[PDB]
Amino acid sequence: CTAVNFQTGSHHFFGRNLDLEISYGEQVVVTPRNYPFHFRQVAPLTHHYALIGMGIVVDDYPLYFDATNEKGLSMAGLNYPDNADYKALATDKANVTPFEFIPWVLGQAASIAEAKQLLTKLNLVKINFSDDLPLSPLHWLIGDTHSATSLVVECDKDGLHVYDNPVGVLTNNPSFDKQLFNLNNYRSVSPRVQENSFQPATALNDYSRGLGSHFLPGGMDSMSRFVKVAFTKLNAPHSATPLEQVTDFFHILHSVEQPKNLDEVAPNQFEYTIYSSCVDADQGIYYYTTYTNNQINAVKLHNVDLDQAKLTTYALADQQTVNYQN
């Protein structure tokens, strides 16, 4: 998985690749303001901000992979195997399950600054959604429309960690302190061909455009994708119009998509990028591609009656949709 919080030209785009070996029946899910969220161990949110994101609906409950609220606050949950350590109930904390975490934050917080207030009280508790659907190990990226900031939330064996993330990207393991530190090793990677420091008197031929990034990683693994997406995001252009910025964002995410069949997780099982999302967080527009359809599709939050109480779901436009010009 890869998530990116991208800010250009006063605009804010947030989204992710979902990389998995099997699809769970993903849909774009709009949760209106009056859908009642009845949490296991904290106070209910029966009126709250509307949400749009990708998820599945089980027992009429929206299980979000990622979402953005009507105020521009976004979250994505990304696989964090072995490191995630959910906790026992704590009598002096807000006890929230990992499947409730996105609705709990996004339903009531409008900014990263406000989300930080919730995070100071949070205890992520080890309660399964159902006996059929045990908890996935996750960590989260959070972005908003009010700062250049991103947060990374990692609940580890030693406790809850909340990191500032100015780079604005996240993948899978290792924990964020190790992941971010690794960028230090790539300081010499460049968009330009560097000076010959190997030995200036030795005739080294600048034989290919792009030689500046010769040591950039391109593997399917979490650390390689973190480095590559950081370089790609940090060197993105600053386009003039919102749709061009969306196009730029998709080029960032697709730079670290996992194609079939390059990441084998089990015999006859390959992890690949099921979908790539980009939310225009200012407008509430959820754009996405899928592995099977290259055309960008969009669902507009504000085309739904946000005062309803029922979920609205859209099946993904999953079939390759070609424009036949003659």
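From 1 onward, residues are counted along the sequence shown.
J.: Given the B-factors recorded for C-alpha atoms, which segment has the greater mean, 223 to 231 or 133 to 141?
T.: Result of the comparison: 133 to 141.
J.: For the higher mean C-alpha B factor in the entry, choose 198 to 206 or 248 to 256.
T.: The deposited B-factors put 198 to 206 ahead on the C-alpha mean.
J.: With respect to the C-alpha temperature factors reported in the PDB entry, which of 262, 56, 51, 296 ranks highest?
T.: If I rank 262, 56, 51, 296 by C-alpha B-factor, first place goes to 56.
J.: Highest Cα B-factor in the deposition, which of 268, 273, 277, 69?
T.: Checking the PDB record, the top C-alpha B-factor among 268, 273, 277, 69 is at 268.
J.: How does the C-alpha B factor of residue 79 compare with the rest of the chain: lowest, middle or highest third?
T.: Within its chain, residue 79 is a middle-third residue by C-alpha B-factor, going by the deposited values.
J.: Ranking every modelled residue in this chain by its Cα temperature factor as given in the entry, which third contains residue 100?
T.: Its C-alpha B-factor, which the entry lists for residue 100, ranks in the middle third among residues of this chain.
J.: Could you tell me which third, lowest, middle or highest, the C-alpha B-factor of residue 291 occupies within its chain?
T.: Middle third of the chain for residue 291's C-alpha B-factor.
J.: For the chain shown, is the CA B-factor of residue 28 in the lowest, middle or highest third of its modelled residues?
T.: For residue 28, the deposited C-alpha B-factor lands in the lowest third.
J.: Compared with the other modelled residues in the chain, in which third is the CA B-factor of residue 11?
T.: According to the entry, residue 11 has a C-alpha B-factor in the chain's highest third.
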